[PDB]
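1. Here is my input; please provide its structure:
(one chain, ligands or ions: 2)
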Amino acid sequence: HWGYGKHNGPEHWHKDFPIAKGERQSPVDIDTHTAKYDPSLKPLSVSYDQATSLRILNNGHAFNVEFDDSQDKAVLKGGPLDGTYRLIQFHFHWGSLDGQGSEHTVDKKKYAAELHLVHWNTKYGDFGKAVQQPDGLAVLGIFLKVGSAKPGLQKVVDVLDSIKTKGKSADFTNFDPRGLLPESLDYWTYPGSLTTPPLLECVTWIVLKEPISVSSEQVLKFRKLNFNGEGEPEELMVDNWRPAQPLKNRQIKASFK
Ligand SMILES: CC#CCNS(=O)(=O)c1cc(S(N)(=O)=O)ccc1C(=O)O
Ligand SMILES: [Zn+2]
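-> Residues are numbered from 1 along each chain as shown. Ligands and ions are numbered 1, 2, ... in the order given. I have put the structure below:
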């Protein structure tokens, strides 16, 4: 099936998912000089005080921290968005070395990792219906650089030993995703897609300008995870990122000057 290897990686995905070569694919390089400041963009509204995390899952491609999205608890609004988007999960993409890992790039710079907080538009009633709509999802992307530790990430890091392999999950309640945010909510935004199969063109991307810092030890623990299931030959879960795709007929807008 699809993955991140030589034989099943991003360059192969178009055979099962022809939208891979579509008109609004993600990620993209963010050329900072070409992104236009848009004074009509609003501040982003991140309301995560009532977030209810439930579980952490190794899905064979990344690990997902899952939230209760059965009511408006943790929501994203404002910014480029119309209406209300509910947090369903977060996950990361990362590298085998600190010089690569992010999906978005900034003037061709790759960060060590990238956090994605996935939200769906409540006007469509459920996630599955939302992914069929061009404005169905809003994904908040946050770059990770290696430096000082991120205290709010350590609870995530410490549970990873319990979900080493594909299909393992663990209870993961009372995690506060506010502890993964940078100080500034300045952002770039553009219309795009999921970065994994099925690659659906249903996402408004919101990529924060300010990276968070995590420690070398924190990201090292991400790279001890496995793509494989229990008892199968060990394939370290590293380099689970799709490279930048053609921008085509899109404009990246900045919320800041
Ligand atoms: C049908 C369908 C779908 C997409 N699911 S997701 O939005 O949770 C998601 C989103 C993304 S990303 N990188 O596009 O935000 C990656 C991975 C996943 C996932 O299934 O775990
Ligand atoms: Zn992602």
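2. which bits of the stretch 151-257 of the chain sit near ligand 1?
-> 194, 195, 196, 198 (CB under 6 Å from any ligand atom). From N, CA and C alone the C-beta is placed, and that goes for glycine too.
3. Need those in CSV (columns: neighbour count and secondary structure).
-> What follows is these, written out as CSV (neighbours: other CB atoms under 10 Å; DSSP: H, G, I helix; E, B strand; the rest coil):
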residue, neighbour count, secondary structure
194, 21, coil
195, 24, coil
196, 21, coil
198, 14, coil
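4. Which two of the residues you listed have the greatest separation?
-> Distance extremes for these: the farthest pair is 195 and 198 at 11.0 Å, using CB to CB.
5. mind listing the strands in the stretch 51-200 of the chain by residue range?
-> Ranges of strands in the stretch 51-200 of the chain, per DSSP state E, counting those that start in this stretch, are 53-58, 63-67, 75-78, 85-94, 105-106, 113-121, 137-146, 169-171, 187-192.
6. Save those strands as CSV, and put in mean neighbour count too.
-> Below are the strands of the stretch 51-200 of the chain laid out as CSV (neighbours: other CB atoms under 10 Å):
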stretch, mean neighbour count
strand 53-58, 20
strand 63-67, 22
strand 75-78, 20
strand 85-94, 24
strand 105-106, 18
strand 113-121, 25
strand 137-146, 24
strand 169-171, 14
strand 187-192, 22
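7. Looking at the ones you listed, which is nearest to residue 236?
-> The minimum distance between residue 236 and the strands of the stretch 51-200 of the chain falls on strand 85-94, with 10.9 Å, by CB to CB.
8. helices and strands around that closest one, which ones?
-> Where contact means 3 or more CB pairs under 8 Å, 6 or more residues apart in numbering; DSSP states H and E, strand 85-94 is packed against strand 63-67, strand 75-78, strand 113-121, strand 137-146, helix 216-222.
9. Give the other helices and strands that the third one contacts.
-> Okay, so that is strand 113-121. If contacts are counted by 3+ CB pairs under 8 Å, 6+ apart, strand 113-121 sits against strand 75-78, strand 85-94, helix 127-130, strand 137-146.
10. With the last one instead?
-> Packed against helix 216-222 by the contact rule (3+ CB pairs under 8 Å, 6+ apart) you find strand 85-94, strand 137-146, helix 154-159.
11. Need these in a markdown table (columns: distance to residue 33).
-> Converted to a markdown table, the helices and strands packed on helix 216-222 look like this (distance: least, CB to CB, whole Å):
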| stretch | distance to residue 33 |
| --- | --- |
| strand 85-94 | 25 |
| strand 137-146 | 18 |
| helix 154-159 | 35 |
